[PDB]
Each structure stands twice: as structure tokens, then as C-alpha cells.
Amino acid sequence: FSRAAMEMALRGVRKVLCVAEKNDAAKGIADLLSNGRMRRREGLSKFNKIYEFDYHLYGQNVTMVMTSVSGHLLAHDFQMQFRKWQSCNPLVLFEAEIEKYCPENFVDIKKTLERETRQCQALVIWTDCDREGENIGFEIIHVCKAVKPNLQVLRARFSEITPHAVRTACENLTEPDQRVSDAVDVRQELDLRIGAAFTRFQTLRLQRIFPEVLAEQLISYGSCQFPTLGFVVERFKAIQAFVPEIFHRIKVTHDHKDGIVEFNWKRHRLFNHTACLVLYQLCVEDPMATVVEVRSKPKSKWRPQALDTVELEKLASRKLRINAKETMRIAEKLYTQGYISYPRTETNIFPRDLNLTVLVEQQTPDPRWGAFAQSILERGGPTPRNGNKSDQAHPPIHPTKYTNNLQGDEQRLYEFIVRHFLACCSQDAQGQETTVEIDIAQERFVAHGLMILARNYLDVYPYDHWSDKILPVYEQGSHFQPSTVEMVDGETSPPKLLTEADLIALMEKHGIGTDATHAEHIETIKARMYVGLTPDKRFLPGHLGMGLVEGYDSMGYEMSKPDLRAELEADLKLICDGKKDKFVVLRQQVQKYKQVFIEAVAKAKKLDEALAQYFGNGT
């Protein structure tokens, strides 16, 4: 724990084995700690190199053997006996023994870690600082501890690949968190058991019932992919059920030299022709408008809140037209290359430790946003708009280093992250809101006006729009003739199909897809052809997607609801905090999903009946 405890522990250490999540992270971390002085060496895997370099750890000169894995080193599955679909009843998969194993393509990596453990006295985990990263770290620990059971294991904690971050990580090594690793092992186990049991059950059944339609096709089930599909089918059904209604409104306009002023009815609209016709007839006879109230107050447009993964995934889709799967891929690439902080975080509060003044200063060489960044500094300094969330691990996603060498979507997302950061550190746009109330035959109409005085954050953030709506001068007490007095017709509009940002928003609201896993589940329902994208580009459910959701929902128990997965994900967060143990969560979640499975097997014919609506007869 203490500096003296660490120095004592390090004594007699000559070689320190360091392991990163991917080779690019290993090359990057080794390059920064060594100042490019590192010496490249080859591992038993051609894509996972070894970078040896001399370094000073807790008062001990060591040789750092920096290598990497390629994501998860170990694969989870049932034993060979349960692996075959026709070898057991899907129901037994809720209790069937599960094992972890190293795949053939990763055996070269496992053997490199084992090889280096023999020449090394300590192990430092350099995997990304998230739940999966801690689980990968524990996969590396298990492999190395098989060689040296008394091996000293440490964990390097960092939120960016920058010289100061990686140097501080070496001065502040900690113990690997078994609690967060265990939550990953619990989720991995539940996903395999619920996934396998429900997939084998429906695929085998529906392949027998609809052979011409679903031949050799995989009807997969996921504890999270199912309520995700549920949101898409729920919205489609809402639109299908929606009844549009004709409404009527009195529109009063007044022509001015450089623009028509439209006064909006205070009654807004009426769903009755006679009710509006009567009020309109009163307006045609004596249409003389009188200025009742000319009111004005200061209006402000708020600068963006500090950026977290969800807001990045949603704004990149809405504003940049990059889908969440790609955003997270590019965001990880920019993180690995040292340009942004770790892009998997719930934090929207800038920690007090973090120097925002330097991060702003760093962006002043840019031709586009450089002048704005300087402007923040000239106006006293950065004043961030923080939220209310903090994971206590990472800061909000922000630019950590300046680059002008990016291209394509990589440039677009970096530019977005930089502009959002500067906008957040800036001031709110300040304007002046005005309103003019007119009376026509005791009926009140209102015209609105806006005059922006200081655009502020808007000058760096073009993704938000604020526009002046300048109204002509109306004196309180004035009388005038309106240009037109109309009785126009309207109709109520249904909701629209969900966009990816709309779907992420619903998932967030209901507590599913937590730990930045939204994209993975949206991608699975896309790939399995349960949902399809319209040209708009919104989510439209397919006949199999539709049939499955209304099949399970007709069984009584509301299975398309995200309540059960939200409870599962809630329990996983408890495991991480040490607020719950992994054995109670596993026993409880398995008993809960085994019950839902047993009820679904009993009413299996409901699935056939719901899909028969689309595929017709079948036996």
C-alpha cells in the first residue's frame, strides 16, 4: 500500500512483465515511458510484440518487458458433453458445468505470457481501465500464476495514454480489483446459460414448425437483445394503433416591410369544427387587433454539459451520422493514439485534480477553433458545465493532445470532442425574448421574438442552432388591421420509428445496456435481421422480430419489458461495489430466468400462433 511497502516489495525485482489489452496500447505505453528508447523483441504471436526498456520503479532499476494480449485471452463455454445441441435438453443448460479455455488462435499469446513469467519477478496489468479490462487482467494473472504461484501482481490505473498519465500510473500501482472481474464472470455466465437455453429451445422449435421459412436459420435469444427489440416493436405498434384527429385553429398574420408577423391563438387548437367556426365568425366581424401586452425578458441557451459515453454515442448519430458501433471504434483508436481520454465512462463531472486551463491552451494552435480556445483563457479561464454523475475512475471524454493529422470520420469525431469540450468550458448564449399579445373580438393571439446578444459557446459548437426572430415595434395600446384572419385545418401526427439515439435513450431510461454496452445489443438485433433500418434511417421490426415479441408477450408475463435485465445489470453493479456476492446473484438470476423459461416452454404454441400471422400454416 505505502511507498515503503512498495519499495520493500520491489526489492530484488530485475524484470517486470507488463501486459496491455492490444499491441498498439503496448507499443504506445512502452514508447512514452522509455522516451522512444525501447527495444523491440518478438513474441510467439507475430501481432503481439515485446518492448524491453530500462525503467525505475519504486526506487528499483528494472527491465520492463511490455507485451500485450488481443482482447479476451480466455473463452467461456459449457463442457464438451453439453456443447452439442442434440446432446441434452436446453433446460439442463441452467445447471450444466461451464469451463474457461484458451482458443487455438490465442495459444501463442498464452505461451508468450508463460515464457516471460519464467524470466520476470513481478506482473503489472496495463489493460484498459473498465470492467472488461479488469477481467482480461485476471485472465493474464491466472496464466502467469500457473507458472509462478507467488508472483507479485500489480495494476496500473490510467484514463489516457499521455507521458504524464503513464508515468503517474508507475508511481501509483495498485492491487487488481477481483470484485469488478467477478461481475464480468457473472454476466458472462448468465449470458451463456440464458442465451443457450432460450436459443436452442426456439431455433429447434421454429425450424420444425416453419421449415420453408426458417431453414438452417438461427433464432437467437439474448437477455438484453430481447428487451432492446421490444422497444422497437413497442414503438411500431404505437404508430400502428395511433388515430390521427383533425383540429382547427384561427391564424392571424400581419405584414411588415421586411417580414410577415404570425400571431398564434392562445386557445392553440380545437378538435371541433363548430367550436372554432363560431369563434372565427366573431373574429371576421370587428377584426381590429389591439396590443394588450408587450412583454420582454432575458432568454439564455445553455452550453453543452461535460461529455460521457451515452451523449457521445447519441450526438455522433444525430449530429455527425456515425452509428454508435463506429463511434466507439474510432473513440478507442483516438484514445490508444493519445488524442482523447478513455471513451467508456459515465462521468459528466470534471474532477478538481484535472487542469482544464492546459487542455484549452493545447487547442489554441488550431485554425478553426484556436481563436475560441484563446478567448476562454482571455475571459478568465475554463468554466465547465458539469452534470451529476461520476464513476470515480475516469473524467468526462475530452481532448488530451492536439492533432491536425486526422482524416475522415476520425477527424470528424475528434473535432466534435474538441468543440464540445471548448463549448462546455465556455459561457451560455445570451438573448432577449419578446412577446406581443393582441386581442381580436375578445380572442387573444401572441407573436414571439428573439434577439441574440452574445452567441458565446455557439461560436465553437455549430451542432446547436440559435437564430434571431426580430419582431417589429408594437406599442402597448396600439390598434391595427391584420393582413389575414384564417380558419386553417390540421391533423395530429403519430410518433416516428426509433432512431439509434432514440433507442439508446430508451435503453438508458430503463437501465439496460449499462457500462457502455448499448451499441453491442443494437448491433446484434440488426445483424440477426430482427430489425432493419428505413431510409430515414429508423428501426423497423422484421416479421420474425415482430412475431417473437408478440409471441412471448401473449404468454401473459410481459417478457419484452426491460425490468428483468435492468435487475440483472443492477446486481452486477452491486458485485463491483462489494455490496453483493457473486453466488447469491447467480443463484437468484438463474432461478428467475429458469422460471421464465419453464413458463415459455409450457406456452410454446403462442410463439407458433404469433408468427403464423406472417408465415401462415406450418407443422
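Start at 1 with the first residue shown and count on from there.
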- request: Return whichever of 529 to 537 and 355 to 363 has the greater mean Cα B factor according to the PDB record.
  value: 529 to 537
statement: Comparing mean C-alpha B factor in the record for 107 to 115 and 285 to 293, the higher one is 285 to 293
- request: Kindly indicate the residue among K319, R157, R419, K257 with the greatest C-alpha B-factor in the PDB record.
  value: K257
- request: By the entry's C-alpha temperature factors, tell me which of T484, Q188, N135, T524 sits highest.
  value: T484
task: Would you mind checking where the Cα B-factor of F242 ranks among the modelled residues of its chain, as the lowest, middle or highest third?
output: middle
- prompt: Going by what the PDB entry lists, where does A30 fall on CA B-factor within its chain: lowest, middle or highest third?
  reply: middle
Third of the chain's Cα B-factor distribution that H465 belongs to, per the entry: middle
Position of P494 among the chain's modelled residues by C-alpha B-factor, lowest, middle or highest third: middle
message: Split into thirds by Cα B-factor across the chain's modelled residues, where does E410 land: lowest, middle or highest?
response: middle
